[PDB]
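Take a look at this single chain in structure tokens; it is the form deposited in one PDB entry.
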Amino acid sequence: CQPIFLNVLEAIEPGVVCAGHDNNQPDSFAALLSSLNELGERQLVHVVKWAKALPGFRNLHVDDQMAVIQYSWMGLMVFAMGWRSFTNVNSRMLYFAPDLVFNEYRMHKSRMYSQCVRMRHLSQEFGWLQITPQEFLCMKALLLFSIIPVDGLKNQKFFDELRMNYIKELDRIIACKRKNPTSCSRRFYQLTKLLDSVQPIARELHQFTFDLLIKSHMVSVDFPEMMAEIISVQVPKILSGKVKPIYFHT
């Protein structure tokens, strides 16, 4: 029996994305954040293509498709970056891109040191929890369906159904080599705790980027088209409490 679901997730996984950062120049706040913003713009293009190729995603109302992507991108990108950091440099640094790797000095220079430390902790958890490449893929997909508007989506029912199917696939991945129901529940607990942990980090970054966009002209930080739109139109809905994450635990 071939693993159709996982076959698809592996097949659609985005390739390497570079930031275009000039590493020959001394580090500066403006240059580092402008590069992170450009990386975000570039990654968004891949995240959209990736999401639209996910099993059942096209079932969602067209308006909900773009909405969930615009609300969940931060968590999705942070999670993927944490995994890249773990696999490429064993979490020694934050591997935003091959040409944008942050050591502690850069974390400090970026002015979001504490947030970077939390993301490095997340990266380490991939190792501590022995997250498999397959669990990573399924968990990342679940992050796309982890934050929605309190007033409901266009077709909330289709979303609920799709999210439930992805949770079901996570169950199947956990039960693969586990014949003990207790070991399965234990793993589900670990993975859902990890997934929940992504949200507070995303929230802190949402706040940071929102504040930065508002004063971007004062600090010489460039925000590309899509990033500026999403951070001024969608992110505030999250910060004002109109759009909220779906937590597993309390």
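Position 1 is the first residue in the sequence shown; the rest follow in order.
The next section is about a form of this same protein that is not shown, the form deposited with a partner chain bound.
- [ ] Tell me whether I4, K177 and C184, taken together, all sit within 4.5 Å of its partner chain in the deposited complex, counting heavy atoms only.
- [x] Judged in the deposited complex, none of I4, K177 and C184 sits within 4.5 Å of its partner chain.
Open item on the list: Since only the chain is shown here, I'm wondering whether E229 would be in contact with its partner chain in the deposited complex (any heavy atom pair within 4.5 Å).
Closed with: Yes, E229 sits close enough to its partner chain in the deposited complex that at least one of its heavy atoms falls within 4.5 Å.
- [ ] Give a yes or no for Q70: in the deposited complex, does one of its heavy atoms lie within 4.5 Å of a heavy atom belonging to its partner chain?
- [x] Contact check for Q70: yes, within 4.5 Å of its partner chain in the deposited complex.
Open item on the list: Does any part of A11 reach within 4.5 Å of its partner chain in the deposited complex? Heavy atoms only, please.
Closed with: Although its partner chain is absent here, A11 would stay clear of it in the deposited complex, with no heavy atoms inside 4.5 Å.
TODO: Consider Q65 of the chain shown here, and say whether it contacts its partner chain in the deposited complex, taking contact as heavy atoms within 4.5 Å.
DONE: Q65 belongs to the contact set for its partner chain.
Task: Residue stretch of 209-217, 189-197, 26-34, 57-65 approaching its partner chain in the deposited complex, non-hydrogen atom distance within 4.5 Å - done: That would be 57-65.
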